[PDB]
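Q: structure, please.
(one chain, ligands or ions: 1)
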Amino acid sequence: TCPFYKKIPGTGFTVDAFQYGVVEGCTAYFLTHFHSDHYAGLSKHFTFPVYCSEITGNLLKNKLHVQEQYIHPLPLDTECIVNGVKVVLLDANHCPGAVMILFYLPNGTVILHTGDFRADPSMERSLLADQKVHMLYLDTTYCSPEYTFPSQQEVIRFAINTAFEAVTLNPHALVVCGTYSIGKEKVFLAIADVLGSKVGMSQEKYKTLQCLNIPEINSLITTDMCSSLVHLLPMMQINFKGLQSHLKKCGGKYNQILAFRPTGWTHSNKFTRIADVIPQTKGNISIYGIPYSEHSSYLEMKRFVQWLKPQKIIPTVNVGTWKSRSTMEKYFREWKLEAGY
Ligand code: NI
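A: Numbers count the residues shown, from 1 in each chain. Shown next is the protein structure:
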């Protein structure tokens, strides 16, 4: 049974609610983004209307085989009427195709559902500038002050400089980057660009990247592993055993691996600057964990909410424990007393 924080009151709508069977009264199912915790339940046998971005709809059709007649892509930044209710999709600054949804309810209430997002000051100049929001359904993944991490631009600067130095010292080094979902593509695309290489990957991963509307993608990626000196591997293989096993398969072309594991936040963020990050090393294999986040830091979240001034907040992450719920409610009240709304 579908929980309350996935229902939009006064509508026939749900958000990210595909794992509960037929939801009573639902006339349109919204999907914010193509991550498995959110699409859990969709397949080729789904027969209700799904509303989403263009990119999400390319993934539903090619990767999950949802039939074309049930996929309803909407443009961004554009007022659309769905089943008699005005909606807008906004870029969530999460993974490719990810959106926030603004719902203009028939009674005059306005609701923003963030989906998953990484808040940014540029959102203060979207269509959100124009009017008041009564209810915010908020991605609270990192809602605690300990959750700090650098900008995505600083992280990419570190990865490009680390890879270019290593391969210039040793032209026979291979670079490997872990992946287990869409998102974070700038890590492997930026490193391959500085090295003058295409990115090599499986047929399954190539298919996924081909759904993402990335400009000039045919110039950037390939299934011919032998031609490429940046390879993608599943995240589970990014360890000393998996990497050893991969280097054997390369026919003595390489004698060293440098590997990256993009994570979210880890507790080594509480002590170390991005500049000071060091790898784990065994023999001719080195592994860097880099804190590339596609969710808001505490401070980015707080700035967004203090600017929006919602009348009510409903968290969508960390909702399963009393202690998490209590902690998040305290910070929402601090933010409101500090800013005066
Ligand atoms: Ni996500």
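
Q: what does the stretch 101-250 of the chain put close to the ion?
A: residue 116 (CB under 5 Å from the ion). Placement of C-beta: from N, CA and C, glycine included.

Q: could I get the full set of strands for the stretch 101-250 of the chain?
A: Counting by DSSP state E, counting those that start in this stretch, the stretch 101-250 of the chain has strands at residues 110-113, 135-138, 173-179, 199-200, 221-222, 230-234.

Q: quick one: the helices in the stretch 51-200 of the chain?
A: In the stretch 51-200 of the chain, the helices defined using DSSP state H, counting those that start in this stretch lie at 54-62, 152-169, 185-194.

Q: contacts for the shortest one next, please.
A: Right, the one you point to is helix 54-62. 31, 33-34, 39, 42, 50, 52, 66, 68, 71-73, 75, 96-99, 182, 207-208, 210-213 (CB atoms under 8 Å, 6 or more residues apart in numbering).

Q: and that helix, does that touch the ion?
A: No. Counting by CB under 5 Å from the ion, the ion has no neighbours in helix 54-62; the shortest distance is 11.6 Å.

Q: 14 is where my numbering starts, stick with that
A: Taking 14 as the first residue, the last one we looked at is helix 67-75.

Q: in that helix, what's buried?
A: Neighbour-count burial for helix 67-75 flags 68-74 (criterion: 16 or more other CB atoms under 10 Å).

Q: hmm, back to that, export the strands of the stretch 114-263 of the chain as JSON lines, with columns for mean neighbour count.
A: JSON lines is the format used below for the strands of the stretch 114-263 of the chain (neighbours: other CB atoms under 10 Å):
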{"stretch": "strand 123-126", "mean neighbour count": "22"}
{"stretch": "strand 148-151", "mean neighbour count": "23"}
{"stretch": "strand 186-192", "mean neighbour count": "23"}
{"stretch": "strand 212-213", "mean neighbour count": "24"}
{"stretch": "strand 234-235", "mean neighbour count": "20"}
{"stretch": "strand 243-247", "mean neighbour count": "20"}
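
Q: and of these, who's closest to residue 335?
A: Evaluated over these, closeness to residue 335 peaks at strand 148-151, with 18.4 Å, by CB to CB.

Q: quickly run through the sheet partners of the closest one, with directions.
A: In the sheet, strand 148-151 lines up against strand 123-126 (parallel), strand 325-328 (parallel) (DSSP bridges).

Q: quick one: which of those is nearest residue 239?
A: Across these, residue 239 has its closest neighbour in strand 123-126 (45.3 Å, CB to CB).

Q: before we move on, the earlier item: kindly write the PyMOL command that selects the buried subset of the contacts of helix 67-75.
A: Only the buried entries of the contacts of helix 67-75 go into this PyMOL selection, using 16+ other CB under 10 Å:
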select buried, resi 44+46+47+52+55+63+65+79+84+86+109+110+111+112+195+221+224+225
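
Q: inside strands: which ones of the contacts of helix 67-75?
A: Mapping these onto strands (DSSP state E) picks out 63, 65, 84-86, 112.

Q: now, which of those residues sits nearest the ion?
A: Nearest to the ion among the ones in strands among the contacts of helix 67-75: residue 112, at 11.5 Å, using CB to the ion.

Q: so the closest one bridges to which residues?
A: Taking DSSP bridges as the rule, residue 112 bridges to residue 104.

Q: that one reaches residue 103, doesn't it?
A: Yes. Judged on CB atoms under 8 Å, residue 112 makes contact with residue 103 at a distance of 6.2 Å.

Q: that concludes my questions; thank you for your assistance.
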